[PDB]
DNA sequence: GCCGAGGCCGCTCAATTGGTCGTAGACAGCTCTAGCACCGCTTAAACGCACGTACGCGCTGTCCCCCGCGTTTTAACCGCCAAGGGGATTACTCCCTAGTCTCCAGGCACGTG
DNA sequence: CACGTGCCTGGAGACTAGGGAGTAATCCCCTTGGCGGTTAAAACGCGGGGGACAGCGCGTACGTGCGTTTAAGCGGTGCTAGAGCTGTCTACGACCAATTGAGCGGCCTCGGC
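Chains as they are written, first to last, in the authors' numbering: chain H, 58 to 149; chain D, 58 to 149; chain A, 61 to 134; chain E, 60 to 135; chain C, 16 to 106; chain G, 15 to 106; chain B, 20 to 102; chain F, 25 to 102.
This is the structure we're talking about:
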């Protein structure tokens, strides 16, 4: 009835650490963290779209939001991962 | 070309202090102050309609934004003035 | 660390001055208690730093006052 | 202003060199940065003075600045 | 007549209305929202200007300069918390 | 019938993120590379938090992440603490 | 049913345990009243914002989301009580 | 170029804040603090310049960068 | 005394007033969850008092290291000129995304070793 | 708490139709660079006295233990206020076309600092 990132967080866990599990409360906390980060990036992207009078939200807006809301090394690695994903999606 | 709060601030100034004048840089600072407060009370009124699936910014949203942004006694006086203005507008 | 029922009474007393005839959810009181305990523990950490600065070990109200001054709380 | 303009402008350019090569700066940008920087340093020095008075002193040392920054939250 | 005379306000209701429409804040703006920002954006201007004029009087001047506005912001307990750490050019 | 998450190489749902960006009224239009960029930044962030939490749990000779272990991941890395500020985790 | 003198429900051992968890080794006898005052100010801010949110939604009950949003306005993000 | 923020400049800034006597080791720490502050602000400003497809840093970019840090600045194009 | 604040004047891009249309919000009803009030017994935490010694704090002395001053050095600053990158605006063609319907499998709950 | 099975609501493919963003050309501002003079500020050395820091002794006030007292946590019962959801209708706000005066740039003139 309610949409949560439980399956995907479980998959990411199974990739980073194959021998550790998650309690239900830990899944709730991780879901809250993901929603908070998503809201923080979406609101910033909306503000940048509104300030520049841009009707649409593109990958460049999200890249700037990432570089503005995350600290340094996290921002660099996130930008690298996002550009990799966008290139792999456009090419294929 | 560039719309500014210049006549209005002067009119308000010649109501509390009829004998004190004001400089152009003070116009700049007051216009910036009014813009900052306006975008604060507009951003916090849009976030109170989005997080309620309500497509309208009514006076209730503006009152909640006023009570959430301004400090205590300042907020109380502001909500009093706004309620007075809305009552006068609806009546006449 | 804080007893649940006295904290509930204190929260209701404070809320009375803002809106009368008000009701609470249990989750609300639990959240307030968690936040208050975290805030006080952080304040005591900064107070201990201020006390260490002045070459003593016993924390005193002036340490709290200085920590809240630097923090910007009024 | 308490900082000379040319050294601050050179410092700002040197810092910005590490984020993108071949930047140009407007005069207004350097002026705003200088104003903000001076205000920040004055506030930090006020807090440092309170810290120094707390330790029964009139001469501020780096430990006072470190404590002020740590309570503020800038250093962690 | 005008929408500011109905509310007895010195600030533009219509200009605030379009600033709160064309800014894509929400799809629909109410009729009482622009007459509530205008009445709140005028009390705050009145308070700041009153404090700035008081500062100008204390310095034996007839004009409000940026320095007076900075003094008014710093002395008022409430206005300092609303704006945070505000640096005013030529202050 | 290949999903947009498979075209990019992600586990987070690109389509769900796009639908969240479209019904949240962030902008009237949303591009094709914005859903694929958040769905990667969020995946990287979840992987980082899960890796640190799993390390904390493994150091405590446990093999199942519990809410306290997340509060030790975010309160040892300076970047996560600066990204989330004062974060308090329930049952931690 | 007037409520008064409930601030003394934050007993001396409670403040003392909070200070111990924060690393304090010695506590002067004057810390307690200051702790009551500081806690009261913090609670007043949070409860004011929470009641504002409650009265926005036309409710007579303060819910967990109201407190969470009030704390989030203060930069004190809280997880585990919903979202 | 950090040495351009000289000893008397730091001393004047301290006197503006009310400091009566300044130790000899304050200057290096002050220079480090100033570098950190400028690094943060300039990072945000350069991000904003990148968003606009520009090669010049404008006043509005610095104003926005300082607004992200709670350092509201008035009189430079607000 | 004179240069930045005040009043006057012509001119375009709003704000208003008036209608019509579709849908968002106010309002009435009803169903069940959960918040408040109460009671009784248990017992864990708070409280008051006493005693000892840990340490805050005032005083004294010594060395060191900032501060004010005089002199020499240096590079900020003002003024002027040149030259040219790139910020700001506009006009065009084309590719991206919103809205729809058909097709079907990923992802929510629920019962399981 | 993993793991298996049925279902149903939302994501995907294909298509067409406007309109926003990419992209090329232009104008003319603002930034960057160089140079020479003056001159204000920075740098260096030095003498001294103010203050930082260590040591020491006193007596205040904290921490720990022990016995007593308070009231918090728990488990049941009871009841009703009001949260959540659904349905229906009237009223309010977006849109668009005509009307008309408030507010923005330019000027000239004139008194506070």
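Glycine included, every Cβ here is placed at the ideal spot set by N, Cα and C.
Is the shortest distance between the beta-carbon of residue 98 (chain B) and the beta-carbons of chain H less than 8 Å? Taking the seventh chain and counting its residues from 1, one reaches residue 98 (chain B) at position 79. So yes, residue 98 (chain B) belongs to the interface.
Would a C-beta distance cut-off of 8 Å place residue 83 (chain D) and residue 84 (chain C) closer than the cut-off? Along the second chain, one-based indexing puts residue 83 (chain D) at 26. Along the fifth chain, one-based indexing puts residue 84 (chain C) at 69. Taking 8 Å as the Cβ cut-off, residue 83 (chain D) and residue 84 (chain C) qualify as a contacting pair.
If residue 37 (chain F) and residue 100 (chain E) are in contact, beta carbons under 8 Å, what's the gap, nearest whole angstrom? To locate residue 37 (chain F), count along the eighth chain from 1; it is residue 13. To locate residue 100 (chain E), count along the fourth chain from 1; it is residue 41. Sure, about 5 Å apart at Cβ, within 8 Å.
Determine the contact status of residue 28 (chain B) and residue 92 (chain A), defining contact as a CB-CB distance below 8 Å. As a first step, residue 28 (chain B) must be located in the seventh chain, where it is residue number 9. As a first step, residue 92 (chain A) must be located in the third chain, where it is residue number 32. No. Outside cutoff.
What are the residues in the region 65-91 of chain D lying within 9 Å of chain C by C-beta distance? So the close ones are 65, 66, 68, 69, 70, 72, 73, 74, 76, 77, 78, 79, 80, 82, 83, 85, 86, 87, 90 and 91.
Residues that DSSP places opposite residue 113 (chain D) in a beta bridge: Numbered from its first residue, the second chain carries residue 113 (chain D) at position 56. Answer is C:43.
Counting beta carbon pairs with one atom in the region 90-102 of chain D and one in the region 115-126 of chain D, are three or more of them shorter than 8 Å? Cβ pair count under 8 Å is three or more, so yes.
Exposed or buried, residue 232 (chain H), counting other C-beta atoms within 10 Å across all chains shown (16 or more means buried)? Past the boundaries of the shown model lies residue 232 (chain H); chain H is included only from 58 to 149, so the question cannot be answered.
Helix, strand or coil for residue 72 (chain A), going by three-state DSSP, please let me know. In the third chain, counting from the first residue as 1, residue 72 (chain A) sits at position 12. In the structure shown, residue 72 (chain A) falls within a helical segment according to DSSP collapsed to helix, strand and coil.
When you compare the CB of residue 126 (chain E) with every CB in chain A, is at least one pair closer than 8 Å? On the fourth chain, residue 126 (chain E) is found 67 positions in, with the first residue counted as 1. For residue 126 (chain E), the answer is yes, since a Cβ of chain A falls inside 8 Å of its Cβ.
Under 8 Å, Cβ to Cβ, is there at least one residue of chain G near residue 58 (chain H)? Sequence index remark: in the first chain, residue 58 (chain H) carries index 1 (1-based). It does not: the Cβ of residue 58 (chain H) has no partner Cβ on chain G nearer than 8 Å.
Go ahead and pull the three-state DSSP assignment for residue 126 (chain E). Within the fourth chain, residue 126 (chain E) is the residue found at index 67, counting from 1. In this structure, residue 126 (chain E) counts as helix in the three-state DSSP scheme.
At least 3 beta-carbon pairs within less than 8 Å: the region 115-125 of chain A vs the region 47-56 of chain B: yes
Note down, in chain order, every chain E residue with its Cβ under 7 Å from the Cβ of residue 104 (chain C). As a working note, residue 104 (chain C) is residue 89 in the fifth chain. Under the 7 Å cutoff, chain E gives 94.
To which residues of the same chain is residue 106 (chain D) closer than 8 Å at the C-beta, ignoring the five residues directly before and after it? Looking up residue 106 (chain D) in the second chain gives position 49. Closer than 8 Å at the Cβ level, and outside the excluded window around residue 106 (chain D), lie 112, 113, 114 and 118.
Who are the Cβ neighbours of residue 44 (chain G) in its own chain at under 8 Å, not counting the five residues just before and after it? Against the sixth chain, residue 44 (chain G) aligns to sequence position 30. Excluding residues within five positions, the ones whose Cβ falls inside 8 Å are 32, 35 and 36.
Counting only beta-carbon atoms, is residue 38 (chain C) nearer than 8 Å to chain F? What you label residue 38 (chain C) is simply residue 23 of the fifth chain in a count that begins at 1. So no, residue 38 (chain C) is outside the interface.
How is residue 88 (chain F) classed by DSSP in three states: helix, strand or coil? Walking along the eighth chain from the start, residue 88 (chain F) turns up at place 64. Of the three classes helix, strand and coil, the one that applies to residue 88 (chain F) here is helix, per DSSP.
Whole angstroms is fine: what's the gap from residue 73 (chain A)'s alpha carbon to residue 78 (chain D)'s? Within the third chain, numbered from 1, the residue matching residue 73 (chain A) stands at position 13. Within the second chain, numbered from 1, the residue matching residue 78 (chain D) stands at position 21. Taken atom to atom, the span from the alpha-carbon of residue 73 (chain A) to that of residue 78 (chain D) is near 48 Å.
Would you kindly check if the distance between the Cβ of residue 41 (chain F) and the Cβ of residue 105 (chain E) is under 8 Å? Counting from 1 along the fourth chain, the entry for residue 105 (chain E) is found at position 46. Counting from 1 along the eighth chain, the entry for residue 41 (chain F) is found at position 17. Against a cut-off of 8 Å, the Cβ pair of residue 41 (chain F) and residue 105 (chain E) comes out as a contact.
Stretch pair the region 57-75 of chain G + the region 86-97 of chain G: three plus CB contacts closer than 8 Å: yes
Selection from F:63, F:32 and F:86 that minimises the alpha carbon distance to residue 50 (chain F): Within the eighth chain, numbered from 1, the residue matching residue 50 (chain F) stands at position 26. Minimum Cα distance to residue 50 (chain F) is reached at F:32.
Does the CB of residue 110 (chain H) have a neighbour CB from chain G at under 8 Å? One-based indexing of the first chain puts residue 110 (chain H) at position 53. It does not; no Cβ of chain G falls within 8 Å.
Going by alpha carbons, who is nearest to residue 88 (chain E) out of E:133, E:102, E:131 and E:67? Residue 88 (chain E) sits at position 29 when you count from the first residue of the fourth chain. Among E:133, E:102, E:131 and E:67, the Cα nearest to that of residue 88 (chain E) belongs to E:67.
For residue 59 (chain F), go through chain E and note every residue whose CB falls closer than 9 Å to its CB, in chain order. For the purposes of this step, residue 59 (chain F) is identified with residue 35 of the eighth chain, where counting begins at 1. Here the neighbours are 70 and 74.
Can you pull the DSSP bridge partners for residue 84 (chain E)? What you label residue 84 (chain E) is simply residue 25 of the fourth chain in a count that begins at 1. DSSP lists F:81 as partners of residue 84 (chain E).
Does the beta-carbon distance from residue 88 (chain H) to residue 68 (chain H) come in below 8 Å? On the first chain, position 31 is the one that residue 88 (chain H) refers to. On the first chain, position 11 is the one that residue 68 (chain H) refers to. Not a contact, by the Cβ cut-off of 8 Å.
To the nearest angstrom, how far is it from the Cα of residue 78 (chain A) to the Cα of residue 133 (chain D)? The count along the third chain starts at 1 and reaches residue 78 (chain A) at position 18. The count along the second chain starts at 1 and reaches residue 133 (chain D) at position 76. For residue 78 (chain A) and residue 133 (chain D), the distance between alpha carbons rounds to 12 Å.
Could you check how far apart the C-beta atoms of residue 70 (chain D) and residue 64 (chain C) are, in whole angstroms? I think they sit under 8 Å. In the second chain, residue 70 (chain D) corresponds to position 13, counting from 1. In the fifth chain, residue 64 (chain C) corresponds to position 49, counting from 1. The pair is a contact, with the Cβ atoms about 5 Å apart (cut-off 8 Å).
Assuming the contact rule is C-beta atoms closer than 8 Å, residue 85 (chain A) and residue 83 (chain B) should be a hit. Round their C-beta distance to whole Å, please. Here residue 85 (chain A) refers to the residue found at position 25 when the third chain is read from its first residue. Here residue 83 (chain B) refers to the residue found at position 64 when the seventh chain is read from its first residue. About 6 Å separates the beta carbons of residue 85 (chain A) and residue 83 (chain B), which is inside the 8 Å limit, making them a contact pair.
Compare the beta carbon distance of residue 62 (chain A) and residue 97 (chain A) with 8 Å and say whether it is the shorter of the two. By 1-based counting over the third chain, the position of residue 62 (chain A) is 2. By 1-based counting over the third chain, the position of residue 97 (chain A) is 37. Yes, the Cβ-Cβ distance between residue 62 (chain A) and residue 97 (chain A) is below 8 Å.
Specify the secondary structure class of residue 125 (chain H) as computed by DSSP and reduced to three states. As a working mapping, residue 125 (chain H) is identified with position 68 in the first chain. Correct three-state label for residue 125 (chain H): helix.
So is residue 94 (chain F) in contact with chain E if we call contact Cβ pairs under 8 Å? Numbered from 1 along the eighth chain, position 70 holds the residue referred to as residue 94 (chain F). Judged by the 8 Å Cβ criterion, residue 94 (chain F) is not in contact with chain E.
Please confirm if residue 144 (chain D) has its CB atom under 8 Å from at least one CB of chain B. Taking the second chain and counting its residues from 1, the one referred to as residue 144 (chain D) is at position 87. So, not an interface residue.
Here's the rule: buried if 16 or more other CB atoms are within 10 angstroms of the residue's CB, otherwise exposed. What is residue 46 (chain F)? The sequence position of residue 46 (chain F) within the eighth chain is 22, counting from 1. The residue in question, residue 46 (chain F), is buried, as its Cβ has 16 or more Cβ neighbours within 10 Å.
Does the beta carbon of residue 71 (chain B) come closer than 8 Å to any beta carbon on chain D? Position 52 of the seventh chain, counting from 1, holds the residue named residue 71 (chain B). Yes, residue 71 (chain B) lies at the interface with chain D (some Cβ there is under 8 Å from its Cβ).
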